[PDB]
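K.L.:
Experimental coordinates follow, after the sequence.
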Amino acid sequence: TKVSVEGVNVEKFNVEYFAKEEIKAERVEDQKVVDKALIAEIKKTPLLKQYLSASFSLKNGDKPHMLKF
Amino acid sequence: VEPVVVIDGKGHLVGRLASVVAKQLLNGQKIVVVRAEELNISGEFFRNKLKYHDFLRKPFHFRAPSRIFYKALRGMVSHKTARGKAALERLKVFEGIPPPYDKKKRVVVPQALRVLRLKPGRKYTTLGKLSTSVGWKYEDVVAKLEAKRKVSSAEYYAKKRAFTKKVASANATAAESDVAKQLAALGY
Amino acid sequence: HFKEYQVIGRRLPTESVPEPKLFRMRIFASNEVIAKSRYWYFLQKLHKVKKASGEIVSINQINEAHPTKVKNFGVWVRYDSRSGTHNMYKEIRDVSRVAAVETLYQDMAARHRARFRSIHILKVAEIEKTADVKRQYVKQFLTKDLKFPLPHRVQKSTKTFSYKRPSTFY
Amino acid sequence: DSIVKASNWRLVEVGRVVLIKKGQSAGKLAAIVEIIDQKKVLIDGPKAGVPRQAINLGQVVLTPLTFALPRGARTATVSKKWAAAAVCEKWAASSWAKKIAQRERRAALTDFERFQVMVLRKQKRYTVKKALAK
Amino acid sequence: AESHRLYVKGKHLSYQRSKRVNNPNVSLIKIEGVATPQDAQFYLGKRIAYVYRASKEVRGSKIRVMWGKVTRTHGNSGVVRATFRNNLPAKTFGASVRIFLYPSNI
RNA sequence: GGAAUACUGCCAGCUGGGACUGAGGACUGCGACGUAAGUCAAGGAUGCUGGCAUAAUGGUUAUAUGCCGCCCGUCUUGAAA
RNA sequence: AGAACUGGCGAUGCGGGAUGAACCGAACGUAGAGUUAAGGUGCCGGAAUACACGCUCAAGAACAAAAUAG
RNA sequence: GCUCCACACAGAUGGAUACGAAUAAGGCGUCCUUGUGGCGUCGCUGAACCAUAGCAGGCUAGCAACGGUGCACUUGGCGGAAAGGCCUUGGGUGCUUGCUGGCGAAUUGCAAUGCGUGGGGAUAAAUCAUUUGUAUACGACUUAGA
């Protein structure tokens, strides 16, 4: 399953952006900007929000070599 | 996969069942064996009563079918060693199905059943008859209280069947709906 | 698996004996080398010619004409046993000659404990008309609208534990 | 009156529908065309594209479906009889084919599809548990 | 969520060994739901960890873990050989081991 | 009549997954890319990231675990003894 | 009894053979990866309760031997 | 064991999900021909059923039902093979993801799985002393006196 990330501007993020040299305000602003753009596409299909809110976990009888991810 | 496995000895070969149980519990799997008296050995009564007195005429000898199965299992495990002794501590053998194992599911081993292993039209021996012939004195009580075990367990199964009837009716009435069709489309 | 190989030889033609008899026989083997070895052995046994005094003219695999048609084959088997030698005739029902000869070899190794070394396939002949077959166990599969069941199937279970108590029905 | 239980065994015969379990043609249907011996039987499955070849009865499981077919029928005749008898339509109606299809679909289920299945199962149960007890 | 497991459970059978000679450097691990070499091929290279409870305190927990890696398949019943930085104590025969999914190839 | 397929062999064909190995120590040579500048998988691991001084790790010994190991030297003898 | 012609061992580890000097493979610096021999793959023991054809109810895995297909 | 003082610590992490019997027959539904009955349906494995969404699973505003269920109560029966477990009438208090939304996740920075003593207060009982002899090489065994 793939969402249309074309609408999200990812040019700002780079390797030096994550350098670790209370969270920086600029980081929070960028996260909010990314979330605002991504939520519109995520809600465009049913259960995508709920699906992403659910934590993946294995169950008895599950065969990862058989499960089609 | 199962924390504890209950195996119904009825209809199984002593050798194959012992070998599979030894291999399984050597890997740390806990196994419980029930209805050992109903375990079967290939061949008619003669040649099964024999080969037992032959080693008997040599120590201590146990007549109970469970003890016979344990002896068969004991020789397939490297006893006298810590791993062998520890492995044998994960095994339990009883005649019939004493509680609380009577209230839990019992499994079978397809590769050890007499039906699937013995060719049709060949005589076979049963552990209960041999044990009684070699001095076992609890076959009568074992059979008597095993018959009682089937009693009221048939009634429990009937009640479960009645409940599943209502469950199936509830599923059917809700079936064919939009949600039901959506689930069926995805193989569920 | 086996294959049919046609092998010919003319004992290294020399002066005063041009164009020799050109012995021919249809050898059965799993490879060309075994076919050539068996051809040499048969020539030595049945003819006054040795491997060092011969030449393999050609060797080509022969495939059955109709590997789908069910046919009956009569085989004139000759083999060496614990005492002397005894000619034998048998009838085998198989789709192809290779399968028929393989089954014949298996039966010989089973009902006679004879191996490829002592077994000689003199001739295999197809039979199609009814009443020409003689063995009862081959006539058994020539009745009109023949139908038989397969009771007590032994279908295998991968898992060591089964909760179904499987039934042998078919 | 006289009583005899079903005891109906799936008999091997010309035109018997058989599903192959082992080999390159596993999972495909075929029809028996002739009998060779107690162990090997000739089959043809031109509908599924399987080649006409001899197969041991242990490599194949007999299906309850049957149709008329002359003994030794070639590929063309076998295909004609298969089309006429509507063998494919009968196979799909059988619960065995439906179970095979369900197993294949479950194997092909995606993780997001699995989550959707879980949600729909919860929704269906919410009503199933309310249908009972009253 | 009910289950938090993200690894395939497995059982440690025994080290690679001859009749009278054993090689503790190579361990044999059984993977649940695996019975053929082809199925075990997917588990090659995955990190395998062994979890056991300790009596004395440690650097911030009470659990001690021994990490390992899958090297190659073993036998025909889906058995797979595993190697660890520190070999198992040989007392874990039949114990439970955790076969993680990473590194992933899907 | 024609497709194929079945089988043997070739590819100085393509494309992944798994395990061990990092040996040498400024350039001398055989080769490829490119009109050239220059580059390269071309006579041996390069770069990044993650944990650390009440460290990280390693070491000594008691038991335990899976397997193995007839008590030492001498002489008899062709051998074990 | 008497010899004798070439060979296995003399001083020889290692793997298999329940153990063995007359067997099979193979002869030796310290380790890793990989591929094998004899020998095996129901457990002890690492590995297919593999596949296919028939045989045998009793063991079966040189001496008491002579009396289901063609 | 009742009480005070003084000290102390072989491998759960989804559910072992329960008729019996045969294997040259079996279950499931229906009905009458109540029987070894007729019909349809299912196997050819457990690749199945439960539940499985929420910070290692929070706060919180609404909608749809009068359900599902965790915990402590209460009613009745049941389980003697190693019962010690099974339900279950009634109400109490929480969740409910059955449905519609909001609040927070960050910096751990790219993974390092993430439970009784040793000293006292009372005392139920044992052995020795005595005796007993139906016991006796020495242990042991057999009696009784607040």
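P.N.:
Everything's here; your move. Residues are numbered from 1 along each chain as shown, chains lettered A, B, ... in the order given.

K.L.:
Nearest to the spatial middle of chain B, which residue is it?
P.N.:
residue B:8 (1.7 Å; Cα atoms, centre = their mean).

K.L.:
That one against residue B:32, yeah?
P.N.:
No: counting by Cβ atoms under 8 Å, residue B:8 stays clear of residue B:32, with 10.2 Å between them. In this view, the C-beta of every residue, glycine as well, is placed from N, C-alpha and C.

K.L.:
Off-centre distance for the longest helix anywhere in chain D?
P.N.:
Longest helix in chain D, counting residues (DSSP state H): helix D:111-131. In this view, helix D:111-131 has its centroid 30 Å away from the chain centroid, taken as Cα atoms, centre = their mean, to the nearest Å.

K.L.:
buried stuff in it?
P.N.:
D:113-117, D:119-120, D:124, D:128 (16 or more other Cβ atoms under 10 Å in any protein chain shown).

K.L.:
Also stretch D:90-100?
P.N.:
Quick answer for stretch D:90-100 (16+ other Cβ under 10 Å): D:90-91, D:97.

K.L.:
Name the nearest residue to residue B:92, sequence neighbours excluded.
P.N.:
residue B:32 (4.6 Å; Cβ to Cβ, 6 or more residues apart in numbering or on different chains).

K.L.:
hang on, the earlier thing: return the closest of the buried residues of helix D:111-131 with respect to chain E.
P.N.:
residue D:115 (11.9 Å; Cβ to the nearest Cβ).

K.L.:
Is the spatially closest residue to that closest one that is not a sequence neighbour in a helix, a strand, or coil?
P.N.:
Nearest-residue entry for residue D:115: residue A:51, 5.0 Å, with adjacent residues in sequence omitted and distances by Cβ to Cβ, 6+ apart. Three-state assignment for residue A:51 (DSSP: H, G, I helix; E, B strand; the rest coil): helix.

K.L.:
could you list every residue that touches residue A:51?
P.N.:
D:112, D:115-116 (Cβ atoms under 8 Å, 6 or more residues apart in numbering or on different chains).

K.L.:
Which secondary structure state is assigned to residue B:63?
P.N.:
Strictly by three-state DSSP, residue B:63 counts as coil.

K.L.:
What's opposite residue C:71 in the beta bridge?
P.N.:
The partner list for residue C:71 in beta bridges (DSSP bridges) reads residue C:94.

K.L.:
so how far is RNA strand H from it?
P.N.:
In this view, residue C:71 and RNA strand H are 29 Å apart by Cβ to the nearest atom of the strand, to the nearest Å.

K.L.:
Verify the contact between that residue and residue C:125 for me.
P.N.:
No: applying Cβ under 8 Å, one finds residue C:71 not in contact with residue C:125, separated by 10.5 Å.

K.L.:
Of these two, which one has the most company?
P.N.:
More crowded of residue C:71 and residue C:125, by other Cβ atoms under 10 Å in any protein chain shown: residue C:71, with 18 against 10.

K.L.:
Leaving out chain neighbours, which residue sits closest to the closest residue to chain E within chain C?
P.N.:
Closest residue of chain C to chain E, Cβ to the nearest Cβ: residue C:158 (6.3 Å). For residue C:158, ignoring the flanking residues on the chain, the nearest one in space by Cβ to Cβ, 6+ apart is residue E:35 at 6.3 Å.

K.L.:
Secondary structure of the one you found: a strand, I assume?
P.N.:
No: with three-state DSSP as the criterion, residue E:35 is coil rather than part of a strand.

K.L.:
check contacts around it.
P.N.:
C:158, E:77-78.

K.L.:
Ramachandran coordinates for it?
P.N.:
Per-residue torsions, residue E:35: phi -140, psi 0 (degrees, to the nearest 10).

K.L.:
ok, back up a step: let me have the buried residues of stretch D:90-100 in CSV, adding distance to RNA strand H and secondary structure as columns.
P.N.:
Formatted as CSV, the buried residues of stretch D:90-100 follow (distance: Cβ to the nearest atom of the strand, whole Å; DSSP: H, G, I helix; E, B strand; the rest coil):
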residue, distance to RNA strand H, secondary structure
D:90, 10, helix
D:91, 10, helix
D:97, 8, helix
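
K.L.:
Let me have those in a markdown table, adding distance to residue B:57 as columns.
P.N.:
Output for those, formatted as a markdown table (distance: Cβ to Cβ, whole Å):
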| residue | distance to residue B:57 |
| --- | --- |
| D:90 | 65 |
| D:91 | 63 |
| D:97 | 61 |
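
K.L.:
Identify, from those, the entry nearest to residue D:42.
P.N.:
residue D:91 (20.5 Å; Cβ to Cβ).
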